[PDB]
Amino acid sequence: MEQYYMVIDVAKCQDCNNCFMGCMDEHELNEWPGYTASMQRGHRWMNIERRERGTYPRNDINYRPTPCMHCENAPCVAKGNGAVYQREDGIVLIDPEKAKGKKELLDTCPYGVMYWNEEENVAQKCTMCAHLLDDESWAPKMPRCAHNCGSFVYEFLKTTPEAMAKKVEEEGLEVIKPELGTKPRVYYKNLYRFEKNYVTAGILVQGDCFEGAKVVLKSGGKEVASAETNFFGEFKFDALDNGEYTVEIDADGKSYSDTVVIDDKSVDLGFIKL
């Protein structure tokens, strides 16, 4: 009983919106009997989250395409009163007809991926283009997102839970809100770019950017990361959980150290003049 899985690499999203445009292309003007009525303009079955971090000039930004998680332990199905069902291949689908007139369905989602269609008076969301996956004629054998990407962000596969589990461990794949236990089948690679934070700075020696300075990051006294400054005298420690840290710098035998508090924000220490 092979299942579908999707892997999204956050480090590769550029937010061109080729996905989003792909859903709309597939669902806004078309109706797919048995799967979904036409999509409502403004809905975001595929919702590309945007998140800026840090402050000019050492800021950055990352994106997180967010479709239905089609989780294995889905709350909709559990509390959908039969208006939502789970297929053997893992796809979670809203029954287009049974769901009509039930706005309550939207609230059964911890992820908030379903949207209310005013014209159809029904909840709608990601179907993982099941209508396409169920048709051999669709040669690509993958959803419109994955197919429309020009950035190699998506990895769409149909395999066994064991095979997927193995992939998760090797690539360090993660899911959104693991603590809820819904067990998403949509995984994210390099998720730290979106969920975590960093500390950065530029080291100067005698007025010029210093390359090769040894930098260490400590939490509670023990090293958590280390690196050498590049030719711009910069270093960047990412994937940091909230808390307090100490940065220690050694350049030309000259030392510098300071504390930094990460609180759902990334920090730029600015130019460190040694």
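In case it trips you up, residue 1 is the first one in the sequence shown, and so on.
S.K.: Given the B-factors recorded for C-alpha atoms, which segment has the greater mean, 71-79 or 196-204?
M.R.: The entry gives the higher C-alpha B-factor average to 71-79.
S.K.: State which stretch shows the higher mean Cα B factor in the entry: 145-153 or 103-111.
M.R.: Taking the mean B-factor of the alpha carbons in each, 103-111 is higher.
S.K.: Choose from 15, 250, 25, 9 the residue with the greatest Cα B-factor as stated in the PDB record.
M.R.: Of the candidates given, the C-alpha B-factor peaks at 250.
S.K.: Would you mind checking which of 163, 173, 91, 126 has the top Cα temperature factor in the PDB entry?
M.R.: The C-alpha B-factor peaks, among 163, 173, 91, 126, at 163.
S.K.: Would you check the entry's CA temperature factor for residue 212 and let me know if it's in the chain's lowest, middle or highest third?
M.R.: According to the entry, residue 212 has a C-alpha B-factor in the chain's middle third.
S.K.: Using only modelled residues of the chain, where does the Cα B factor of residue 158 rank: lowest third, middle third or highest third?
M.R.: Its C-alpha B-factor belongs to the highest third of this chain's values.
S.K.: Within this chain's modelled residues, let me know which third the CA B factor of residue 130 belongs to: lowest, middle or highest.
M.R.: Lowest third, going by the recorded CA B-factors of the chain.
S.K.: Among all modelled residues of this chain, ranked by Cα B factor, put residue 121 in the bottom, middle or top third, i.e. lowest, middle or highest.
M.R.: Within its chain, residue 121 is a middle-third residue by C-alpha B-factor, going by the deposited values.
S.K.: According to the PDB entry, is the CA B factor of residue 224 in the bottom, middle or top third of its chain, that is, lowest, middle or highest?
M.R.: Highest third of the chain for residue 224's C-alpha B-factor.
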